[PDB]
Structures are given as structure tokens and as C-alpha cells.
Amino acid sequence: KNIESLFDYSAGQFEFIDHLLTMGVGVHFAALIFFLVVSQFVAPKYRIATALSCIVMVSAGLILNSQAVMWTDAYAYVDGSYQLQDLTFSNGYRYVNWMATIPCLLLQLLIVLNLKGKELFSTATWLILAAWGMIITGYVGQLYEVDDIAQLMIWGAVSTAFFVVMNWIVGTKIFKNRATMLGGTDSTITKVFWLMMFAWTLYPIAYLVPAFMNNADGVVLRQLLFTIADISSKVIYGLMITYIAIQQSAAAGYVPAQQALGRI
Ligand SMILES: *C/C=C(C)/C=C/C=C(C)/C=C/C1=C(C)CCCC1(C)C
Ligand SMILES: [Br-]
Ligand SMILES: [Br-]
């Protein structure tokens, strides 16, 4: 069903993928420790945004770990190359994980935007439906990446419509609420929008790899793109959300935030 299953891999290709996925685990778990220790400097109003970064680190780090183990289970070194054994490797589990991690990424943004009550709950609801629509339709599409490329493209067009609408809700909420933001974070949150547009677009590029690069090297490329994108969309994004949360905390008078920032 997935293109990974069609090829044998050289030692270099096989090991590089293994290292990519392992480094990703280490990066997410290292970040998790940082987000954990820094959360005591966040005011109550934003503390959940930093907690959600911890939740995303574990979720993504578990999926990467699980992908790495599945990669080594599925392939063994036989007659000069890594060849498929009885177990199967696939990217489908990443899509299932997005069902949880994308809502979390969107909720931390809504929190640092100072949204609350009814606006918060309704914005989050529409965002979560649009995200699930994107992820489900892309999940279905990738089932056809070996059997029916045309079907992969069409499901990907549907998925892209949900993506574009989700980004429009995000941009609309960022550009409208920029002005409520304290401590100069009105400037930083704009960079957050651009980081998301960039980093999230890596995923659909990766989804199209079976169409424009259907071979072992394309398999490597796809893993590399997911790694750059996971890091950018989860770790780098989380660092910027945390910075915005602490800065707004300090500007609103939360003393542990002022002292943390004071001592660096
Ligand atoms: C941390 C994981 C993140 C931020 C994953 C984001 C995933 C997407 C933006 C997926 C987008 C897709 C399309 C827009 C079309 C092709 C199918 C998808 C689901 C890869
Ligand atoms: Br507060
Ligand atoms: Br994830």
C-alpha cells in the first residue's frame, strides 16, 4: 500500500532513516524538559499553552520512536541490502497522531492570542473540524500512493481545501488579535503565522513524493521533509509560543516571569 514497501534499501539509505527518526525522538524529549522547567515562569492565564507543548513533545516523540522501531522490525540485511521481512512499515500512523497533535498546536496559539470564553470554544471547534477534515481526507488519499496516484491527487486536493480554510481562520484570528498582545508580542505572533505557513506546507510536499519521486531516494526525502517539518512545527513553534507566553506574563505583572526574563 505505501511506497516504502516497493524497494530494497542500501545500508546508507536504511541507516540514515533510522538516524533521522532517532534524532527526532531525542530532539522532542530534550525540548520537553525545557518546556517543563520553564512552565513555572508562566502566568496561570497562559500556563496551558506551555503544557500543550509538553503534550505535543511526548506525542510526536512517541510517534517518531514508534516509527523508528517499526522501520528496524520491517527490514533486515539480506544478500547486500535491507529487504522487507514479515512486518510492515508505513506513514499512516503519523496521520492518526495528527488528529491529536494538530488540535493541540492550534489551541496553544488561541491561548496566547488572549482569546477566551465563547470565542475560544467556537474558534477552536471550527479549527479542529477543519483540521480533522484535512487529516482524514489526506489519510485516505495516501492509501492509494502505490495503486492509484490519480486518487491520491484528488484526495489531496480535497485535503488542501480544508488546509487553506484552516489557515484562513488562523490568519484571521492572528491579524485581528495582534493588537491585544502585550510586551511586543504583537510583532512576534506575526512571525509565528509565517512559521506555520512554511512548516505546515512541508507536509503536502511530502504527501506528493510518490507522484514525482517514486523510488528509494524519494522514500528518504519524505522522511527528511517530515523531520524538518516536525522540528519546525512542533519544537521551534513551541519555543516561540512559550516565549510569547512568558513575555505577556511579565508585561501583565507575573513576578516569576519578570524574574526569569530579568536573569537572562
Ligand atoms: C505536527 C504535525 C503537523 C503540524 C502536521 C501537519 C499536517 C498537515 C498540514 C497535513 C496536510 C495535508 C494536506 C494539506 C494535503 C495532503 C494531505 C496532508 C494531510 C499531508
Ligand atoms: Br493570570
Ligand atoms: Br505528530
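Since every read-out is calculated from the coordinates, none of them should be taken as a lab result. Cβ: placed from backbone, ideal geometry, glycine included. Neighbour counts: every protein chain shown.
Binning the C-alpha pair distances of the chain at 10 Å intervals from 0 yields a P(r) profile of 7, 28, 32, 20, 10, 3, 0 %, listed from the shortest bin outward. Note on the chain: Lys pairs 8 or more places apart or on different chains, Cα atoms under 26 Å apart, count 17.
With each label point set 7 Å from Cα along the Cα-Cβ vector, what nm distance links residue 264 and residue 83? Modelled inter-label distance: 5.2 nm. With a Förster radius of 41 Å applied to the C-beta separation of residue 73 and residue 157, the computed FRET efficiency comes to 0.75. Packing-based ranking of 68-80, 201-213, 224-236 yields 224-236, 201-213, 68-80, ordered from highest to lowest mean Cβ neighbour count within 10 Å.
Each other residue within a Cβ distance under 13 Å of residue 12 adds +1 if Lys or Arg and -1 if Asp or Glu, for a net charge of -4.
Sequence-distant contacts, meaning Cα pairs under 8 Å at least 6 residues apart, place the relative contact order of the range 1-149 at 31 percent. Across the range 100-256, Cα pairs under 8 Å and at least six residues apart give a relative contact order of 23 percent.
For the Cα atoms of the chain, what angle does the longest principal axis make with the long axis of helix 44-74, in degrees from 0 to 90, nearest 10? Roughly 10 degrees between the two axes.
Normalising the average separation of contacting C-alpha pairs (under 8 angstrom, six or more residues apart) by the number of residues puts the relative contact order of the chain at 26 percent. The HN-Hα couplings worked out from phi for the range 82-94 by the Karplus form 6.51 cos²θ - 1.76 cosθ + 1.60 (θ = phi - 60°) are 6, 10, 4, 9, 8, 7, 10, 10, 6, 7, x, 5, 4 Hz, whole numbers, x standing for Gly and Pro. Nearest 10 degrees is fine. How inclined is helix 117-142 to the longest principal axis of the chain, computing both from alpha carbons? The two axes meet at around 10 degrees.
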